[PDB]
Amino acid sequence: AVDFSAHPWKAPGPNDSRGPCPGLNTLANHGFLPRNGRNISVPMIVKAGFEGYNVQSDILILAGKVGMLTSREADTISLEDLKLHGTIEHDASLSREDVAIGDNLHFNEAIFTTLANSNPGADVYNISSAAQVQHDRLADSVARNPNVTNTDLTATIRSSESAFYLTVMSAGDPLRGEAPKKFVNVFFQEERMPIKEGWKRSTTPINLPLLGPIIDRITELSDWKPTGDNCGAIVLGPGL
(Lines of atoms letter the chains of each structure in order from A and count residues from 1; the text may use other names and numbers.)
(Lines give C-alpha, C1' and ligand atoms only; values in the text may rest on other atoms or scores of the structure.)
Protein backbone atom coordinates (compact mmCIF):
# COMPACT_ATOMS: atom_id res chain seq x y z
CA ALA A 1 0.00 0.00 0.00
CA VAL A 2 3.08 2.27 -0.13
CA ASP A 3 3.29 4.00 -3.49
CA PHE A 4 6.83 5.25 -4.19
CA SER A 5 5.62 6.99 -7.36
CA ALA A 6 3.54 9.24 -5.06
CA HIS A 7 6.75 10.11 -3.13
CA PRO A 8 8.91 12.07 -5.67
CA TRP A 9 12.26 13.48 -4.61
CA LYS A 10 12.22 17.27 -4.26
CA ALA A 11 15.21 19.38 -3.28
CA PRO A 12 14.72 21.06 0.14
CA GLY A 13 14.07 24.79 0.11
CA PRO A 14 16.25 27.14 2.22
CA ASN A 15 13.83 27.08 5.18
CA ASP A 16 13.10 23.30 5.05
CA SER A 17 14.71 21.80 8.18
CA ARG A 18 17.39 19.17 7.46
CA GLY A 19 19.73 17.49 9.90
CA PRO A 20 22.99 15.50 10.04
CA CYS A 21 21.22 12.22 9.22
CA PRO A 22 20.98 11.18 5.52
CA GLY A 23 18.37 8.57 6.44
CA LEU A 24 15.84 11.03 7.87
CA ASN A 25 16.75 13.75 5.36
CA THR A 26 16.09 11.37 2.46
CA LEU A 27 12.70 10.38 3.92
CA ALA A 28 11.79 14.09 4.17
CA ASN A 29 13.00 14.77 0.60
CA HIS A 30 10.50 12.15 -0.60
CA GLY A 31 7.62 13.26 1.68
CA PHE A 32 7.68 10.11 3.84
CA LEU A 33 8.40 12.63 6.58
CA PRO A 34 7.12 16.25 6.28
CA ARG A 35 9.05 17.99 3.51
CA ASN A 36 9.56 21.01 5.84
CA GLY A 37 11.41 18.70 8.25
CA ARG A 38 9.41 20.04 11.25
CA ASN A 39 6.97 18.76 13.90
CA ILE A 40 8.30 15.18 13.61
CA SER A 41 7.36 12.61 16.27
CA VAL A 42 8.76 9.12 16.94
CA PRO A 43 5.55 7.47 15.56
CA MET A 44 6.08 9.50 12.36
CA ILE A 45 9.69 8.30 12.14
CA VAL A 46 8.66 4.67 12.77
CA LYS A 47 6.07 4.81 9.97
CA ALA A 48 8.37 6.66 7.53
CA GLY A 49 11.31 4.30 8.08
CA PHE A 50 9.05 1.27 7.63
CA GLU A 51 7.44 2.62 4.45
CA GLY A 52 10.64 3.99 2.90
CA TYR A 53 13.29 1.47 3.92
CA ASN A 54 11.60 -1.51 5.67
CA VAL A 55 13.40 -0.51 8.88
CA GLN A 56 11.48 -1.85 11.87
CA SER A 57 10.19 -0.14 14.99
CA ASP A 58 12.74 -1.67 17.40
CA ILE A 59 15.68 0.45 16.20
CA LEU A 60 13.57 3.49 15.29
CA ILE A 61 11.87 3.72 18.70
CA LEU A 62 15.24 3.35 20.49
CA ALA A 63 17.04 5.94 18.32
CA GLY A 64 13.96 8.13 17.88
CA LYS A 65 13.39 8.72 21.60
CA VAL A 66 17.06 9.61 22.09
CA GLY A 67 16.68 12.04 19.17
CA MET A 68 13.62 13.63 20.82
CA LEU A 69 15.96 14.86 23.59
CA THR A 70 17.53 17.37 21.17
CA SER A 71 14.48 19.65 21.01
CA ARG A 72 12.63 21.86 23.52
CA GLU A 73 9.25 20.34 22.52
CA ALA A 74 7.22 17.71 24.39
CA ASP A 75 7.21 15.01 21.65
CA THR A 76 8.58 16.37 18.35
CA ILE A 77 11.77 17.65 16.77
CA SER A 78 12.90 19.48 13.70
CA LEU A 79 15.48 17.50 11.72
CA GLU A 80 18.07 20.24 12.27
CA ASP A 81 17.66 19.79 16.05
CA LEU A 82 19.47 16.42 15.72
CA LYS A 83 22.78 18.28 15.12
CA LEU A 84 22.96 18.79 18.92
CA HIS A 85 26.51 17.65 19.66
CA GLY A 86 26.85 14.76 22.10
CA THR A 87 23.27 13.47 22.10
CA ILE A 88 23.53 11.32 18.96
CA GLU A 89 25.65 13.65 16.78
CA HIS A 90 29.32 12.76 17.10
CA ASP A 91 32.80 13.40 15.75
CA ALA A 92 34.30 11.24 13.01
CA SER A 93 31.15 11.32 10.88
CA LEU A 94 31.28 9.84 7.35
CA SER A 95 30.08 12.98 5.54
CA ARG A 96 30.04 15.86 8.08
CA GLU A 97 32.82 17.78 9.86
CA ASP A 98 33.44 17.70 13.61
CA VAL A 99 31.57 20.55 15.31
CA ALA A 100 34.71 21.91 17.04
CA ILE A 101 36.51 22.48 13.71
CA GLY A 102 33.67 22.84 11.21
CA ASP A 103 30.08 22.22 10.13
CA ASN A 104 28.54 19.18 11.84
CA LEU A 105 25.23 19.56 9.96
CA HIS A 106 25.66 19.65 6.15
CA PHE A 107 26.97 17.07 3.70
CA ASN A 108 30.64 17.81 2.88
CA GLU A 109 32.15 16.24 -0.23
CA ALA A 110 35.74 16.53 1.05
CA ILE A 111 34.87 14.52 4.18
CA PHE A 112 32.89 12.01 2.08
CA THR A 113 35.96 11.29 -0.12
CA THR A 114 37.16 8.65 2.35
CA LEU A 115 33.94 6.64 2.07
CA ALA A 116 33.64 7.35 -1.67
CA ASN A 117 37.16 5.92 -2.26
CA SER A 118 36.70 2.84 -0.03
CA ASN A 119 36.55 -0.80 -1.24
CA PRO A 120 38.80 -0.25 -4.29
CA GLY A 121 38.24 -2.71 -7.12
CA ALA A 122 34.59 -3.46 -6.29
CA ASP A 123 31.26 -1.82 -7.14
CA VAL A 124 29.89 -2.30 -3.59
CA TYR A 125 30.73 -1.03 -0.12
CA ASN A 126 30.80 -3.84 2.45
CA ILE A 127 31.57 -4.60 6.09
CA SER A 128 35.39 -4.58 5.69
CA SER A 129 35.37 -1.31 3.70
CA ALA A 130 32.95 0.26 6.22
CA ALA A 131 35.32 -0.67 9.06
CA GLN A 132 38.34 0.80 7.24
CA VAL A 133 36.47 4.06 6.68
CA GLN A 134 35.54 4.30 10.38
CA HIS A 135 39.18 3.68 11.36
CA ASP A 136 40.40 6.39 8.99
CA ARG A 137 37.72 8.96 9.93
CA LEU A 138 38.49 8.51 13.65
CA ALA A 139 42.23 8.88 12.94
CA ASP A 140 41.44 12.14 11.11
CA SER A 141 39.49 13.50 14.10
CA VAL A 142 42.27 12.50 16.51
CA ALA A 143 44.79 14.26 14.24
CA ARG A 144 42.89 17.50 13.62
CA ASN A 145 40.27 18.05 16.37
CA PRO A 146 41.60 19.16 19.81
CA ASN A 147 38.11 18.55 21.29
CA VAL A 148 37.64 15.04 19.76
CA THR A 149 35.24 12.72 21.62
CA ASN A 150 35.64 8.97 21.09
CA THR A 151 33.83 6.57 23.45
CA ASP A 152 32.36 3.05 23.34
CA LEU A 153 29.01 4.78 22.73
CA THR A 154 30.15 6.99 19.82
CA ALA A 155 31.96 3.99 18.30
CA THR A 156 28.79 1.86 18.52
CA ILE A 157 26.63 4.64 17.04
CA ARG A 158 29.14 5.04 14.20
CA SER A 159 29.01 1.30 13.37
CA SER A 160 25.20 1.45 13.56
CA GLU A 161 25.21 4.24 10.97
CA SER A 162 27.55 2.28 8.67
CA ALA A 163 25.28 -0.77 9.07
CA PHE A 164 22.35 1.44 8.06
CA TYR A 165 23.79 2.50 4.71
CA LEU A 166 25.00 -1.05 3.94
CA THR A 167 21.50 -2.45 4.59
CA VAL A 168 18.98 0.22 3.58
CA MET A 169 20.73 0.94 0.25
CA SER A 170 21.35 -2.76 -0.51
CA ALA A 171 20.47 -4.39 -3.85
CA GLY A 172 20.19 -7.94 -2.54
CA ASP A 173 19.38 -9.30 0.91
CA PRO A 174 20.41 -6.67 3.52
CA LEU A 175 21.79 -9.65 5.52
CA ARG A 176 24.80 -9.63 3.18
CA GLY A 177 26.03 -6.28 4.56
CA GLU A 178 26.90 -4.84 1.15
CA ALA A 179 25.40 -2.06 -0.96
CA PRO A 180 26.10 -0.73 -4.48
CA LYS A 181 28.38 2.30 -4.42
CA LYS A 182 26.09 3.97 -6.96
CA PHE A 183 23.15 3.73 -4.50
CA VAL A 184 25.08 4.73 -1.37
CA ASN A 185 26.67 7.70 -3.17
CA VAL A 186 23.27 9.08 -4.25
CA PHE A 187 21.94 8.52 -0.73
CA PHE A 188 24.70 10.67 0.85
CA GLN A 189 25.38 13.21 -1.92
CA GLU A 190 21.75 13.95 -2.86
CA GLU A 191 19.74 12.52 0.09
CA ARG A 192 17.62 10.79 -2.53
CA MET A 193 16.35 7.23 -2.93
CA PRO A 194 18.19 5.97 -6.05
CA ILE A 195 15.02 4.75 -7.81
CA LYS A 196 16.00 5.63 -11.40
CA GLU A 197 19.35 3.92 -10.66
CA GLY A 198 17.57 0.65 -9.81
CA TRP A 199 17.21 0.77 -6.01
CA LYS A 200 14.16 -0.81 -4.39
CA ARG A 201 13.02 -0.89 -0.76
CA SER A 202 14.31 -4.05 0.97
CA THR A 203 11.78 -6.91 1.00
CA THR A 204 13.60 -8.17 4.13
CA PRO A 205 12.86 -6.36 7.44
CA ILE A 206 15.84 -4.46 8.83
CA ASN A 207 15.71 -4.72 12.64
CA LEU A 208 18.10 -5.01 15.60
CA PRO A 209 18.54 -8.82 15.22
CA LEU A 210 19.66 -8.25 11.61
CA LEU A 211 21.85 -5.21 12.31
CA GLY A 212 23.50 -6.37 15.54
CA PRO A 213 26.08 -8.85 14.12
CA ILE A 214 26.85 -6.43 11.25
CA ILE A 215 27.48 -3.59 13.73
CA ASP A 216 29.70 -5.82 15.87
CA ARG A 217 31.75 -7.03 12.88
CA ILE A 218 32.27 -3.46 11.63
CA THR A 219 33.53 -2.50 15.10
CA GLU A 220 35.78 -5.56 15.28
CA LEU A 221 37.40 -4.98 11.86
CA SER A 222 37.92 -1.25 12.56
CA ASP A 223 40.68 -1.96 15.14
CA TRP A 224 38.88 0.44 17.54
CA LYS A 225 40.45 1.20 20.91
CA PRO A 226 39.52 3.56 23.79
CA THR A 227 41.54 6.80 23.67
CA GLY A 228 40.34 8.77 26.74
CA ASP A 229 37.87 8.76 29.67
CA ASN A 230 35.42 6.58 27.71
CA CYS A 231 32.26 7.71 29.57
CA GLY A 232 29.15 7.04 27.46
CA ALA A 233 27.29 10.12 28.76
CA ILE A 234 24.83 11.80 26.39
CA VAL A 235 23.59 15.39 26.41
CA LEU A 236 20.05 15.14 27.82
CA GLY A 237 18.61 18.32 26.31
CA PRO A 238 19.50 21.60 24.52
CA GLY A 239 20.88 24.63 26.38
CA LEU A 240 22.57 22.76 29.25
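We number the residues from 1 along the sequence you see.
114-122 or 83-91, whichever carries the higher mean Cα B-factor:
Taking the mean C-alpha B-factor of 83-91 and of 114-122, the larger value falls to 114-122.
- Out of 183-191 and 167-175, which stretch has the higher average CA B-factor listed in the record? If you average the C-alpha B-factors of 183-191 and of 167-175, the larger mean comes out for 167-175.
Next item on the list: Identify, among 96, 144, 137, 158, the residue whose C-alpha carries the highest B-factor in the deposited PDB entry.
Entry: 144 has the highest C-alpha B-factor of those listed.
Exercise for review: Check where residue 62 lands among this chain's C-alpha B-factors and tell me if it's the lowest, middle or highest third.
Suggested key: It belongs to the highest third of the chain when residues are ordered by C-alpha B-factor.
Note to self: Going by the CA temperature factor in the PDB record, which third of the chain does residue 30 belong to: lowest, middle or highest?
What the structure shows: Lowest third of the chain for residue 30's C-alpha B-factor.
Q) Once the chain's modelled residues are ordered by C-alpha B factor and cut into thirds, is residue 43 in the lowest, middle or highest one? A) According to the entry, residue 43 has a C-alpha B-factor in the chain's middle third.
| said: Among the modelled residues of this chain, does the Cα B factor of residue 18 put it in the lowest, middle or highest third? | reply: Lowest third - that is where residue 18 ends up once the chain's C-alpha B-factors are sorted.
- Name the third of the chain's ranked CA B-factors that contains residue 49, choosing lowest, middle or highest. CA B-factor rank for residue 49: lowest third.
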